[PDB]
Amino acid sequence: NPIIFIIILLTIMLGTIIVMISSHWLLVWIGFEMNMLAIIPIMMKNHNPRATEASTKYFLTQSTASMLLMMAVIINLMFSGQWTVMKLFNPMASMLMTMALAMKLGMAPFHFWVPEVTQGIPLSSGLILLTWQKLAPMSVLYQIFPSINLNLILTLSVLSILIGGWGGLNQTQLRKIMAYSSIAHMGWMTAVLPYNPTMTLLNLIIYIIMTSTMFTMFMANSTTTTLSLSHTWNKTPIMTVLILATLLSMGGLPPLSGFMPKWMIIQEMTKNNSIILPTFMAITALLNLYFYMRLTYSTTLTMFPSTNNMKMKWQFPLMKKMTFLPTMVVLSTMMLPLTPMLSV
Amino acid sequence: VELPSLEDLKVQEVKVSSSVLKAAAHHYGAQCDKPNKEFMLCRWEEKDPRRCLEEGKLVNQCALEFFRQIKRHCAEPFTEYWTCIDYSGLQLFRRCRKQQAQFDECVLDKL
Amino acid sequence: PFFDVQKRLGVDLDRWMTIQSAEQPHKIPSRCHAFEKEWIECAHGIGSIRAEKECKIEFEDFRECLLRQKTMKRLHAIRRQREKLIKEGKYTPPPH
Amino acid sequence: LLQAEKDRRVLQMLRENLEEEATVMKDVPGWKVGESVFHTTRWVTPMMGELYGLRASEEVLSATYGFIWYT
Amino acid sequence: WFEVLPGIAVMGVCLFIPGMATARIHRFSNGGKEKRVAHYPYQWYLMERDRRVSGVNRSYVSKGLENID
Amino acid sequence: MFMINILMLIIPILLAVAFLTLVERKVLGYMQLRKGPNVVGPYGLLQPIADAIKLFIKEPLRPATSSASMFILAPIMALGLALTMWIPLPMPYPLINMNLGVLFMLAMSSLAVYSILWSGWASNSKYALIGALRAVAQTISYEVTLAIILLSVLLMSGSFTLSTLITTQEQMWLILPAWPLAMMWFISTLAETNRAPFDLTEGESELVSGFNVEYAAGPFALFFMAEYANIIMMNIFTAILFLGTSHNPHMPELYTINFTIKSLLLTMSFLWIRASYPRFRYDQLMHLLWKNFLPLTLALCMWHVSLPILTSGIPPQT
Amino acid sequence: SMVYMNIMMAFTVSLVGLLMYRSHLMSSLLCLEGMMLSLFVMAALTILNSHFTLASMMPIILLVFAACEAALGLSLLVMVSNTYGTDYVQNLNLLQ
Amino acid sequence: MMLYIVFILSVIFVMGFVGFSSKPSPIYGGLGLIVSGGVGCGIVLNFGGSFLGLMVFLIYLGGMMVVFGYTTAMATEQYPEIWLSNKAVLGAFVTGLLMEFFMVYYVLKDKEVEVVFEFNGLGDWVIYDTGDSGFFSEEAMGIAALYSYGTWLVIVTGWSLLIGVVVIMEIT
Amino acid sequence: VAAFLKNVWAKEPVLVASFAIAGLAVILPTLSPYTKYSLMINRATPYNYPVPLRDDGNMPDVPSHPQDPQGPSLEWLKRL
Amino acid sequence: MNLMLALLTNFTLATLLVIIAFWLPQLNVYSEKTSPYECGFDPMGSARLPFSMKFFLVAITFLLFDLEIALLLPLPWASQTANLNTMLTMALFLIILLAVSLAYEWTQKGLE
Ligand SMILES: CCCCCCCCCCCCCCCCCC(=O)OC[C@H](COP(=O)(O)OCCN)OC(=O)CCCCCCCCCCCCCCCCC
């Protein structure tokens with residue numbers, strides 16, 4: 001058992017490396033066709049009657065998601081009959097690309113899914129791996145980038161960062177609260193995308209870090225919000241200053257780095273003299289903050305320590321690379337006008 | 001578009017079956033090569049087999065006198081030779097091997 | 001992000017199956033083959049953003065070599081020059 | 001030799017499918033005699049519908065489908 | 001031991017018909033010459049030619065050398 | 001008259017599959033020390049005209065509990081893919097010439113078992129229900145033993161057609177060179193078509209009667225005439241794919257004469273077994289295929305691949 | 001010409017109410033595993049009527065996963081109806 | 001046996017689907033496929049591609065479907081039924097069947113109606129061939145065997161299958 | 001270890017005949033010099049049609065008449 | 001054009017012969033009592049067909065070994081090439097990729 005789990009868990013990125021490296025429409029099929037083939041067993045490990053009524057609601061929702069694509073590959077094999085990877089030469093291709101590809105990322109619609117999977121996968125360990133599948137598709141959209149109907153990729157955006165915002169205010173389980181507001185940050189990076197498509201990646205990396213360092217923190221035992229109350233008077237208080245040094249930075253406030261994507265993105269989205277778009281995005285991520293406040297009023301307010309609960313033992317988890325990230329998830333704003341000229 | 005008239009057409013096509021046409025067919029081209037390789041170059045080198053019709057009547061011509069040659073000297077061993085190969089399926093060349101000399105007795109020798 | 005490793009080092013992953021004219025092992029062509037080497041010759045040193053408003057000629061017929069989209073219509077419109085008048089004279093042809 | 005027989009068979013074939021077209025009607029909202037559906041000019045092997053017209057009886061059926069389904 | 005020798009001779013002959021039927025229909029339909037076979041589109045291309053030049057319509061009648069004199 | 005060359009085939013064969021049933025119990029008679037159907041003939045050769053007529057007089061019940069829509073389309077098959085498969089089969093002149101046709105058998109060898117799964121399910125419960133399920137399961141695991149060891153030799157002959165396969169066996173009876181394989185070409189067709197030593201599908205011992213149990217005299221002649229339309233064909237195949245005769249562009253007739261005096265010897269093998277060996281108890285039955293038959297069949301494939309390449313041998317085809 | 005509008009109307013086999021529903025999941029999963037042949041055949045013509053000669057393998061690779069993968073997702077449909085005995089899409093339990 | 005023997009297959013094919021694209025009690029689902037698959041492998045056997053057609057029988061229609069049919073005894077439905085008998089299934093059917101029919105009616109029932117359905121002519125198979133040719137194994141997919149140029153195409157498919165079993169050795 | 005190799009051959013002498021042929025077909029193609037003949041034959045079979053090149057000056061070899069001295073020796077096979 | 005003449009000929013003898021056997025005496029005037037006496041020698045048999053697994057895998061287990069011996073199929077056409085080493089080096093991979101896929105699962109067949 002333990003060897004293969006590193007053979008499987010290696011083949012994933014090999015599934016997404018053929019995606020970013022390829023010239024050829026067939027391979028970007030095979031490429032993220034073998035994720036939906038090689039993801040599935042990870043969900044399983046404890047063999048419960050959710051994961052198996054989960055990965056089957058995932059499966060057939062990434063099965064068609066793929067299988068439409070192959071229909072919008074073979075359209076422009078008719079017209080122009082030249083594969084490769086470039087604008088799609090025909091409008092029924094793209095409109096059948098981008099709004100059937102939004103299924104893997106899920107955007108504004110096509111998410112009754114992201115909460116039905118991320119919730120109740122019995123395996124919370126990760127579930128950090130659902131930051132790969134954000135990274136396979138984008139590595140198409142960066143290439144196809146000069147063909148979109150342009151009235152759409154905004155219309156799935158602006159109906160998203162809204163709909164993923166309101167989704168959570170009503171939520172308690174904190175695997176969902178990350179599930180929600182992970183549709184949100186898919187609102188900023190594909191709203192930009194036709195204007196200057198780098199300063200997207202900028203929001204893509206700053207995102208992979210911040211959501212990454214959450215989970216590694218949410219791993220000790222933590223599950224439900226009211227199990228993060230029994231946290232500071234039990235496990236360690238140096239944990240609580242952390243979970244307050246990020247959850248605030250993730251909606252973002254200018255002295256932190258969470259403010260770094262917006263601050264740069266709007267340099268771009270005006271200067272193109274669209275100033276009536278970004279406020280409504282800029283202003284809607286506001287009530288995206290009221291999850292985190294009211295999440296953060298759980299742990300610093302000393303709320304009814306659990307019960308007589310005596311944990312005298314020390315810890316032996318793997319914090320691996322957590323002792324770094326919230327010095328790069330926070331303090332990087334003072335550093336960089338690199339991100340626009342570094343990855344470019 | 002410009003197409004030539006109906007003329008320089010209706011020319012003399014060699015009219016023979018597909019069994020006899022493969023009977024000699026072999027001594028045929030190796031010894032001729034006067035128009036034909038050259039006639040390829042009036043196609044491959046420059047395409048549009050419309051601008052080049054001329055050698056087409058030269059290469060078609062070489063055949064005419066060829067089968068007109070053979071009728072004078074020996075048609076008797078030939079007529080019997082392309083009968084066997086015309087006894088049929090696949091038109092093998094390994095059945096008539098015996099008679100191959102009888103046709104080629106004096107052809108390589110006499111003429 | 002499209003790294004293009006097969007450019008740096010030597011290997012060919014695909015790059016061969018890619019277009020309509022490359023090799024075809026015994027050297028046999030496609031039907032519209034001859035219009036590729038015409039249309040690629042157009043946009044190469046171009047940066048493709050002016051290509052759309054520059055070449056566009058060598059492309060269109062190429063799209064009309066491929067589907068035969070028009071020649072099939074001017075054809076289907078001979079069925080209206082004849083075969084409404086069949087009774088009205090000029091049977092056309094004489095057989096043979 | 002074999003080929004120099006064919007090329008003549010199609011050029012003969014277009015002419016009759018033109019000269020016996022242009023004498024069908026000359027219409028004022030008609031077409032010029034033997035225009036080109038393309039802009040470019042060179043010899044491009046014609047489509048089946050070019051050689052055989054709407055004729056479409058039998059010897060066609062033995063041409064396109066002739067080889068397939070049988071000797 | 002012998003009584004089975006008749007039992008064969010029914011099944012045996014009944015398989016010696018279908019091999020002699022098709023063999024002698026082809027030889028009969030095309031008049032003495034085994035049926036042509038077209039596997040590859042080149043091979044066909046001579047028959048559908050030879051139909052044109054033969055005498056009228058068929059592929060099984062060869063002209064011969066005196067045809068063109 | 002191409003339509004009278006066909007109907008001259010379908011009819012004259014239904015006599016063999018009929019008069020096999022007689023030589024069934026004569027040959028298997030003298031293994032037992034006795035004589036075979038005798039009183040009625042006089043020699044017996046007249047038995048099968050009386051047997052074909054008792055069934056269709058005898059009343060054809062249907063179970064009250066059946067689904068009649070499936071209880072027809074299924075047997076309306078067991079007599080097609082048995083009589084279609086005969087089509088492109090050279091003796092010497094096949095009725096059809098199929099370019100790659102050898103592959104076409106596996107197409108029709110694979111599509112018959114989907115007429116077992118219908119019938120046994122079409123009717124009813126556990127003697128034909130799970131009893132027609134687990135004869136599916138053995139019938140598909142004896143293909144992978146097959147298509148490979150059919151594909152082996154075809155490296156040793158060059159193409160997929162059957163007109164080449166008379167040419168290559170000229171003076172070499174293709175059974176020398178791969179005799180290890182040839183064995184497995186035999187135990188397959190005997191295991192796949194449900195015959196003696198692996199008998200389970202049709203029941204005698206392991207169950208009452210497999211898959212035949214419901215059909216009364218009416219339909220059950222078809223199967224009992226279908227199941228014997230496969231057995232004399234695979235065995236009228238093996239001997240075009242191994243023991244070759246020598247074509248004769250002159251006396252075609254002497255080809256078939258010497259050809260039925262082989263394929264008709266060969267067949268009398270599934271009768272010469274059935275007197276002899278017992279059955280396998282379905283575990284041992286598949287359990288002996290993966291473990292045992294298969295590893296070789298792969299291994300030899302790694303061998304007949306290289307042997308041409310390593311001798312400059314490569315057979316003259318595309 | 002016409003064979004490109006059939007089969008296309010066939011590739012609206014998706015029809016999605018009958019892609020996830022209603023119960024007997026095996027009917028849903030079925031119209032999926034036959035959503036191919038609308039992808040296959042359609043791409044076994046355009047490749048063929050014009051001689052590409054190279055992409056001709058692609059049709060083969062459109063099955064080799066379409067069988068491999070769609071045969072995976074069958075597996076789960078045992079795990080669902082192992083613990084039940086009826087598939088019946090009407091199991092919702094994990095909610096939101 | 002006219003020139004329309006292709007157009008008569010597909011419109012049986014297109015009707016091959018709508019049987020199982022609604023809701024037929026999926027022991028008849030198969031019988032909506034093996035007809036569709038059959039006629040499907042039918043259409044492809046024209047055009048000259050042959051080997052690539054005759055495989056769908058071997059690898060899919062013959063081999064795959066049987067697994068689809070070897071289960072639905074394990075998921076086994078309770079007391080199957082002849083489809084279109086019910087009022088739930090029958091209602092959804094025809095409106096599909098007519099929708100191409102009423103399409104196929106005046107798509108061309110006349111000179112042309114109108115534009116979008118008028119640029120497809122019919123009846124000679126105008127495109128269906130070109131000229132003549134030589135022969136390589138045929139010309140086309142006769143050479144479908146590339147263990148030459150194709151390699152990085154195989155070795156993924158070659159490797160992607162090898163993991164197919166490991167995943168399925170577990171959850172099983 | 002040879003006692004092992006004789007104590008699996010008293011129990012499962014089956015797959016051993018597969019391994020025995022599993023190798024011994026991998027090894028040998030790198031040995032016998034008959035190979036690489038195999039690659040020369042297979043390159044010289046003219047599937048296509050040779051097209052004559054243009055001769056101005058050189059013309060290294062290969063005159064108009066083919067049977068004249070032209071090019072390499074392929075007749076090492078005819079005697080073979 | 002004569003293939004379909006050689007197919008619909010074959011079925012039409014078969015699809016005939018069902019009715020002249022099944023149907024013809026089926027309307028005969030004999031008794032044929034409706035009594036629920038049928039379904040021989042397991043008289044009643046009221047159950048669902050239960051899931052029995054080692055019945056199931058022998059479906060899946062095949063389907064995958066099946067695929068690649070479609071991939072493996074065009075060897076004998078590919079034995080005619082230019083550079084052949086990319087064949088023998090490559091051809092022999094599929095096989096060993098097949099045979100490996102055995103050896104793993106071979107730890108557990110169960111009762112197959
Ligand atoms: C350098 C070049 C290479 C050199 C290689 C050297 C030689 C290697 C080649 C040898 C391979 C031969 C064939 C493969 C071996 C035979 C198959 C086999 O392994 O059978 C093993 C079988 C297992 O039995 P066992 O392990 O003992 O377990 C039961 C214990 N109660 O034990 C058995 O006995 C099973 C016996 C077979 C089972 C069915 C028999 C039924 C009767 C059919 C026999 C008819 C076949 C005869 C062939 C006819 C050919 C025309």
# chains A, B, ... in the order shown; residues from 1 in each chain; ligands from 1

call {"tool": "residues_near_ligand", "arguments": {"ligand": "ligand 1", "cutoff": "7 Å", "atoms": "only C-alpha atoms and all ligand atoms", "output": "MDAnalysis selection string"}}
result
(chainID F and resid 180 182:183 292:293 296) or (chainID I and resid 11:14 17 20:21)

call {"tool": "write_last_selection", "arguments": {"atoms": "N, CA and C atoms", "output": "short mmCIF file (atom, residue, chain, number, x, y, z; two decimals), in the first residue's frame"}}
result
data_model
loop_
_atom_site.label_atom_id
_atom_site.label_comp_id
_atom_site.auth_asym_id
_atom_site.auth_seq_id
_atom_site.Cartn_x
_atom_site.Cartn_y
_atom_site.Cartn_z
N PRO F 180 4.20 -25.52 -30.43
CA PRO F 180 3.73 -25.15 -29.09
C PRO F 180 2.42 -24.42 -29.10
N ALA F 182 0.05 -24.37 -31.52
CA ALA F 182 -1.06 -25.11 -32.11
C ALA F 182 -1.86 -25.84 -31.06
N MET F 183 -1.19 -26.45 -30.08
CA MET F 183 -1.92 -27.09 -28.99
C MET F 183 -2.96 -26.14 -28.44
N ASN F 292 -1.92 -20.33 -15.99
CA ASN F 292 -1.24 -21.41 -16.70
C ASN F 292 -1.17 -21.21 -18.21
N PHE F 293 -2.31 -21.16 -18.90
CA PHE F 293 -2.29 -21.01 -20.35
C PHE F 293 -1.70 -19.68 -20.79
N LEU F 296 2.58 -18.12 -21.03
CA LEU F 296 3.22 -18.50 -22.28
C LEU F 296 2.77 -17.63 -23.43
N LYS I 11 8.04 -28.07 -8.59
CA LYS I 11 6.71 -27.64 -8.20
C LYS I 11 5.96 -26.91 -9.31
N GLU I 12 6.49 -25.80 -9.82
CA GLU I 12 5.86 -25.06 -10.90
C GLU I 12 6.76 -24.98 -12.12
N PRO I 13 6.80 -26.02 -12.93
CA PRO I 13 7.63 -25.95 -14.14
C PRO I 13 6.87 -25.37 -15.31
N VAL I 14 6.16 -24.27 -15.12
CA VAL I 14 5.26 -23.80 -16.16
C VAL I 14 5.72 -22.43 -16.59
N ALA I 17 9.07 -21.99 -17.94
CA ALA I 17 9.20 -22.07 -19.39
C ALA I 17 8.80 -20.78 -20.07
N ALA I 20 12.08 -18.56 -19.14
CA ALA I 20 13.11 -19.12 -20.00
C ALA I 20 13.01 -18.63 -21.43
N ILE I 21 11.79 -18.40 -21.93
CA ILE I 21 11.60 -17.75 -23.22
C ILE I 21 11.37 -16.25 -23.08
#

call {"tool": "residues_around", "arguments": {"residues": "range 72-86 of chain B", "least_positions_apart": "2", "cutoff": "10 Å", "atoms": "only C-alpha atoms", "output": "ChimeraX atom specification"}}
result
/B:17-24,67-70,88-107,110-111 /E:33-34,62,64-66,69

call {"tool": "residues_around", "arguments": {"residues": "range 83-95 of chain H", "least_positions_apart": "4", "cutoff": "12 Å", "atoms": "only C-alpha atoms", "output": "PyMOL selection string"}}
result
(chain F and resi 69) or (chain G and resi 15+17-18+22) or (chain H and resi 15+17-29+31-32+99-103)

call {"tool": "closest_atom_pairs", "arguments": {"of": "chain D", "to": "chain E", "cutoff": "9 Å", "atoms": "only C-alpha atoms", "output": "JSON lines"}}
result
{"residue": "D:62", "atom": "CA", "partner": "E:48", "partner_atom": "CA", "distance": 8.6}
{"residue": "D:63", "atom": "CA", "partner": "E:48", "partner_atom": "CA", "distance": 8.2}
{"residue": "D:66", "atom": "CA", "partner": "E:48", "partner_atom": "CA", "distance": 8.2}
{"residue": "D:67", "atom": "CA", "partner": "E:44", "partner_atom": "CA", "distance": 6.1}
{"residue": "D:68", "atom": "CA", "partner": "E:41", "partner_atom": "CA", "distance": 8.6}
{"residue": "D:70", "atom": "CA", "partner": "E:38", "partner_atom": "CA", "distance": 6.9}
{"residue": "D:71", "atom": "CA", "partner": "E:38", "partner_atom": "CA", "distance": 4.7}

call {"tool": "closest_atom_pairs", "arguments": {"of": "chain G", "to": "chain J", "cutoff": "9 Å", "atoms": "only C-alpha atoms", "output": "JSON lines"}}
result
{"residue": "G:60", "atom": "CA", "partner": "J:71", "partner_atom": "CA", "distance": 8.2}
{"residue": "G:63", "atom": "CA", "partner": "J:67", "partner_atom": "CA", "distance": 8.9}
{"residue": "G:64", "atom": "CA", "partner": "J:67", "partner_atom": "CA", "distance": 6.4}
{"residue": "G:67", "atom": "CA", "partner": "J:67", "partner_atom": "CA", "distance": 8.0}
{"residue": "G:68", "atom": "CA", "partner": "J:64", "partner_atom": "CA", "distance": 6.8}
{"residue": "G:71", "atom": "CA", "partner": "J:60", "partner_atom": "CA", "distance": 7.6}
{"residue": "G:72", "atom": "CA", "partner": "J:60", "partner_atom": "CA", "distance": 8.9}
{"residue": "G:75", "atom": "CA", "partner": "J:60", "partner_atom": "CA", "distance": 8.8}
{"residue": "G:78", "atom": "CA", "partner": "J:51", "partner_atom": "CA", "distance": 8.8}
{"residue": "G:81", "atom": "CA", "partner": "J:51", "partner_atom": "CA", "distance": 9.0}
{"residue": "G:82", "atom": "CA", "partner": "J:51", "partner_atom": "CA", "distance": 7.0}
{"residue": "G:85", "atom": "CA", "partner": "J:51", "partner_atom": "CA", "distance": 8.1}

call {"tool": "residues_around", "arguments": {"residues": "range 38-41 of chain D", "least_positions_apart": "2", "cutoff": "8 Å", "atoms": "only C-alpha atoms", "output": "VMD selection string"}}
result
(chain C and resid 61 64) or (chain D and resid 36 43)

call {"tool": "atom_distance", "arguments": {"atom1": "CA of residue 82 in chain F", "atom2": "CA of residue 48 in chain H"}}
result
27.3 Å

call {"tool": "residues_around", "arguments": {"residues": "residue 11 in chain E", "least_positions_apart": "3", "cutoff": "8 Å", "atoms": "only C-alpha atoms", "output": "mmCIF file with C-alpha atoms, in the first residue's frame"}}
result
data_model
loop_
_atom_site.group_PDB
_atom_site.id
_atom_site.type_symbol
_atom_site.label_atom_id
_atom_site.label_comp_id
_atom_site.auth_asym_id
_atom_site.auth_seq_id
_atom_site.Cartn_x
_atom_site.Cartn_y
_atom_site.Cartn_z
ATOM 1 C CA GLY E 7 -22.339 -42.689 -41.686
ATOM 2 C CA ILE E 8 -19.464 -40.532 -42.935
ATOM 3 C CA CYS E 14 -22.641 -32.675 -48.260
ATOM 4 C CA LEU E 15 -19.475 -30.592 -47.732
ATOM 5 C CA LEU F 15 -27.394 -31.863 -43.990
ATOM 6 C CA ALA F 16 -23.977 -32.212 -42.359
ATOM 7 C CA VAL F 17 -25.097 -30.707 -39.043
ATOM 8 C CA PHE F 19 -26.042 -36.181 -40.178
ATOM 9 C CA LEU F 20 -23.366 -35.434 -37.665
#

call {"tool": "interface_residues", "arguments": {"of": "chain H", "to": "chain C", "cutoff": "10 Å", "atoms": "only C-alpha atoms", "output": "list in words"}}
result
residues 111, 112, 118, 119, 120, 121, 122, 126, 127, 130, 133, 134, 136, 139, 140, 143, 146, 148, 149, 150, 151, 152 and 153 of chain H

call {"tool": "write_last_selection", "arguments": {"atoms": "N, CA, C and O atoms", "output": "short mmCIF file (atom, residue, chain, number, x, y, z; two decimals), in the first residue's frame"}}
result
data_model
loop_
_atom_site.label_atom_id
_atom_site.label_comp_id
_atom_site.auth_asym_id
_atom_site.auth_seq_id
_atom_site.Cartn_x
_atom_site.Cartn_y
_atom_site.Cartn_z
N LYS H 111 -37.28 23.24 -53.73
CA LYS H 111 -36.03 23.77 -54.27
C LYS H 111 -35.03 24.03 -53.16
O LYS H 111 -33.99 23.36 -53.07
N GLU H 112 -35.30 25.02 -52.32
CA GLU H 112 -34.55 25.18 -51.08
C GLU H 112 -35.46 25.81 -50.04
O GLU H 112 -36.21 26.74 -50.35
N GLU H 118 -30.10 24.98 -46.60
CA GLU H 118 -30.01 24.97 -48.05
C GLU H 118 -28.60 24.89 -48.62
O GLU H 118 -28.46 24.73 -49.83
N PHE H 119 -27.55 25.00 -47.81
CA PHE H 119 -26.20 24.90 -48.35
C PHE H 119 -25.68 23.46 -48.39
O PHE H 119 -24.51 23.25 -48.71
N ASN H 120 -26.53 22.48 -48.07
CA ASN H 120 -26.17 21.07 -48.17
C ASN H 120 -26.95 20.48 -49.34
O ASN H 120 -28.15 20.21 -49.21
N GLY H 121 -26.28 20.23 -50.45
CA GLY H 121 -26.92 19.57 -51.57
C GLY H 121 -26.92 18.07 -51.33
O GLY H 121 -26.34 17.61 -50.35
N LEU H 122 -27.56 17.30 -52.21
CA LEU H 122 -27.63 15.86 -51.99
C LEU H 122 -27.51 15.08 -53.29
O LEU H 122 -27.72 15.61 -54.39
N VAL H 126 -21.27 14.26 -53.67
CA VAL H 126 -20.45 15.20 -54.42
C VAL H 126 -19.00 15.08 -54.00
O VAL H 126 -18.09 14.99 -54.83
N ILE H 127 -18.75 15.10 -52.69
CA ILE H 127 -17.39 15.07 -52.17
C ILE H 127 -16.81 13.67 -52.05
O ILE H 127 -15.59 13.52 -52.11
N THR H 130 -12.29 11.46 -54.53
CA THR H 130 -11.57 12.36 -55.43
C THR H 130 -10.77 11.50 -56.40
O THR H 130 -10.05 10.59 -55.96
N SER H 133 -6.15 6.89 -57.56
CA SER H 133 -4.95 6.88 -56.72
C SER H 133 -4.17 5.59 -56.94
O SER H 133 -4.60 4.69 -57.66
N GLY H 134 -3.02 5.52 -56.30
CA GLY H 134 -2.26 4.30 -56.17
C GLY H 134 -2.72 3.53 -54.96
O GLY H 134 -3.85 3.69 -54.48
N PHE H 136 -1.41 2.03 -51.03
CA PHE H 136 -0.55 1.58 -49.94
C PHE H 136 -1.46 0.97 -48.88
O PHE H 136 -2.15 1.68 -48.16
N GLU H 139 -4.72 3.07 -49.12
CA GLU H 139 -4.05 4.36 -49.27
C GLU H 139 -4.01 5.01 -47.89
O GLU H 139 -2.96 5.34 -47.34
N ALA H 140 -5.21 5.21 -47.38
CA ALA H 140 -5.56 5.79 -46.09
C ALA H 140 -5.29 4.78 -45.00
O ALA H 140 -4.33 4.02 -45.09
N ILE H 143 -2.43 2.34 -43.61
CA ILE H 143 -1.25 2.54 -42.75
C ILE H 143 -1.73 3.32 -41.54
O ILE H 143 -1.62 4.55 -41.44
N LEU H 146 1.86 2.96 -36.74
CA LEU H 146 3.04 3.75 -36.47
C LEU H 146 3.53 3.42 -35.06
O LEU H 146 3.00 3.92 -34.07
N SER H 148 6.88 3.65 -35.46
CA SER H 148 7.70 4.76 -35.88
C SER H 148 6.99 5.97 -35.32
O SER H 148 6.46 5.90 -34.21
N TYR H 149 6.96 7.08 -36.05
CA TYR H 149 6.81 8.42 -35.53
C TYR H 149 6.04 8.50 -34.22
O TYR H 149 6.52 9.13 -33.27
N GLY H 150 4.88 7.88 -34.12
CA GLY H 150 4.23 7.91 -32.83
C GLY H 150 4.98 7.12 -31.79
O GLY H 150 5.12 5.91 -31.92
N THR H 151 5.46 7.78 -30.76
CA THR H 151 5.95 7.13 -29.56
C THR H 151 5.44 7.78 -28.29
O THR H 151 4.81 7.11 -27.48
N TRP H 152 5.74 9.06 -28.08
CA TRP H 152 5.19 9.76 -26.94
C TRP H 152 3.67 9.79 -26.97
O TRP H 152 3.05 10.17 -25.97
N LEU H 153 3.03 9.39 -28.07
CA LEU H 153 1.60 9.15 -28.01
C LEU H 153 1.27 7.80 -27.41
O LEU H 153 0.26 7.66 -26.72
#

call {"tool": "atom_distance", "arguments": {"atom1": "CA of residue 143 in chain A", "atom2": "CA of residue 86 in chain A"}}
result
6.6 Å

call {"tool": "residues_around", "arguments": {"residues": "residue 77 in chain H", "least_positions_apart": "4", "cutoff": "8 Å", "atoms": "only C-alpha atoms", "output": "VMD selection string"}}
result
(chain G and resid 24 86) or (chain H and resid 72 to 73)

call {"tool": "interface_residues", "arguments": {"of": "chain B", "to": "chain D", "cutoff": "10 Å", "atoms": "only C-alpha atoms", "output": "ChimeraX atom specification"}}
result
/B:1-11,13-14,29,35-36,39-40,47-53,55-63

call {"tool": "residues_around", "arguments": {"residues": "range 218-221 of chain F", "least_positions_apart": "2", "cutoff": "12 Å", "atoms": "only C-alpha atoms", "output": "VMD selection string"}}
result
(chain F and resid 14 17 to 18 21 51 to 62 71 to 79 119 211 to 216 223 to 229) or (chain J and resid 14 to 15 17 to 26)

call {"tool": "select_by_dssp", "arguments": {"residues": "range 57-289 of chain F", "states": "alpha helix (DSSP H)", "output": "NGL selection string"}}
result
:F and (70-73 or 81-84 or 102-110 or 116-123 or 136-141 or 144-153 or 164-167 or 179-192 or 217-234 or 238-241 or 253-266 or 270-274 or 283-286)

call {"tool": "interface_residues", "arguments": {"of": "chain A", "to": "chain C", "cutoff": "9 Å", "atoms": "only C-alpha atoms", "output": "list in words"}}
result
residues 19, 20, 21, 22, 23, 24, 78, 79, 80, 81, 82, 83, 84, 138, 139, 140, 142 and 143 of chain A

call {"tool": "closest_residue", "arguments": {"among": "H:164, H:16, H:42, H:158", "to": "residue 94 in chain J", "atoms": "only C-alpha atoms"}}
result
H:158
